[PDB]
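Residue strings, one per chain:
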Amino acid sequence: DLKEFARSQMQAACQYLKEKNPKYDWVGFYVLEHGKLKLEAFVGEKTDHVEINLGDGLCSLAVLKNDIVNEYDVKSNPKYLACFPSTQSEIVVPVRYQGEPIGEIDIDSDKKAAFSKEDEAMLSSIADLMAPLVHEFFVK
Amino acid sequence: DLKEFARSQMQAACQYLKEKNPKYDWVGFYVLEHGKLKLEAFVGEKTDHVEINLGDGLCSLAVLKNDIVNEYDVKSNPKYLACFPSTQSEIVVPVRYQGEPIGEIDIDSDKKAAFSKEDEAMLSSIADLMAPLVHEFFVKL
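Residues numbered from 1 in each chain as written, not as in the entry; some residues may be left out. Chains lettered and ligands numbered in written order. Heavy atoms only, no water.

- In terms of determination method and resolution, the entry is listed under X-ray crystallography at 2.600 Å.

- The title assigned to this entry in its PDB record is "Structural and biochemical analysis of type II free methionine-R-sulfoxide reductase from Thermoplasma acidophilum".

Okay, here's the thing in structure tokens:
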């Protein structure tokens, strides 16, 4: 389907990201489907939470507040949802289609304070470029 | 870097396309850069025409009239531009960013009448999906 092509691109994006940035230990795309965030492409270890309940995790923070979450110390954050026993920094970037958030790029790192404003910038731009592709999995 | 990533995506698209559809003998992305069509990603034989003077070829036809071109018999089309000695069908699908054409997907096939309305349908969807990415290589005048 178109979905498969989109998935194809989303996987490739995850790959390119994981490769060019070694601090990225996990790179995944979550999409809003029926009010829940479901994983639809990723590169790294298999996640404990392939589907996320809205509210749980920094994954939910980013789309509910429609803004970047760049947590440099996940342990000191009550809304952190551990998908990996080793990550210390998590960055979540909303992917927007026609203004409205439809999903997100989720990236975990074992390094503390992994993500700089440059990461934030690039990821936001990538989120925008990837938006139509992400949208193929969107459901309200 | 964004361009590098963008090329990554475009190349990947060419690949998936080339794989899923065996009749696609060549798959490429030309982007308008300073009023010219420049090749920025492809899968297949290397083409002698990495840059196209606007006017030449079905490549130019598609962006100038801003519509899909699906030529099932290239030899009967005076606007055809041969980049490969064996191609019989060429389909050119415009890549539109905010309505305005910024580049195109170009696909050659050695098979005659290679491309169907399904091909036309899907490719258009994809050109749209790819439009922001392609746009990273767009340059105006």
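**A closer look at the overall build of chain A**
No. 1: From N to C terminus, chain A includes 3 helices and 6 strands.
No. 2: Across chain A, helices and strands are ordered from the amino to the carboxyl terminus as α-β-β-β-α-β-β-β-α.
No. 3: Against the globule reference of 14 Å for 140 residues, chain A gives a C-alpha radius of gyration of 13 Å, in line with a compact fold.
No. 4: Seen through its C-alpha atoms, chain A measures out along the principal axes to roughly 40 × 30 × 25 Å.
No. 5: Of the accessible surface of chain A, which amounts to about 6300 Å², a share of 50% is contributed by carbon and sulfur atoms.
No. 6: On chain A, the mean spot of the 16 positive side-chain charges and the mean spot of the 24 negative ones are 2 Å from each other. (Helix = DSSP H or I, 4+ residues; strand = E, 2+ residues; numbered from the N terminus. Rg over C-alpha atoms; globule rule 2.2 N^0.38 Å. Areas by Shrake-Rupley, 256 points an atom, 1.4 Å probe, with all protein chains shown as cover. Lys, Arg positive; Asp, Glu negative; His and termini not counted. Charge placed at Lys NZ, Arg CZ, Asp CG, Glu CD.)

**Examining the sheet that holds strand β4 (residues 69-71) of chain B**
Residue and element names in this part refer to chain B.
No. 1: A sheet is described by the order of its strands in space; here 6 strands give the open sequence β3-β2-β1-β6-β5-β4, paired in antiparallel fashion. The strands lining the two open edges of the sheet, one partner per strand, are β3 (51-52) and β4.
No. 2: Sheet analysis places strand β1 (residues 26-33) next to strand β6 (residues 100-109), joined by 6 bridges and oriented antiparallel. Bridging across to β6, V27 finds its partner in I107.
No. 3: Where helix α3 (residues 117-135) meets the sheet, it contacts β1, β4, β5 (89-97) and β6, and its direction lies at approximately 45° from that of β5. (Pairing = 2+ DSSP bridges. Contact = heavy atoms within 4.5 Å. Axes fitted to C-alpha atoms, helices over the stretch in contact; angles between N-to-C directions.)

**Structural notes on the sheet that holds strand β1 (residues 26-33) of chain A**
Residues and elements named next belong to chain A.
No. 1: Spatially, 6 strands are ordered β3-β2-β1-β6-β5-β4 in an open sheet, and the strand pairing comes out antiparallel. Each of the sheet's edge strands pairs with one partner strand only, and the pair in question is β3 (51-52) and β4 (69-71).
No. 2: Where strand β5 (residues 89-97) lies against strand β6 (residues 100-109), 9 bridges are found, and the strand directions are antiparallel. The residue of β6 that forms the bridge with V92 is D106.
No. 3: Sheet strands in contact with helix α3 (residues 117-135) are β1, β4, β5 and β6, and its direction is about 45° off that of β5.

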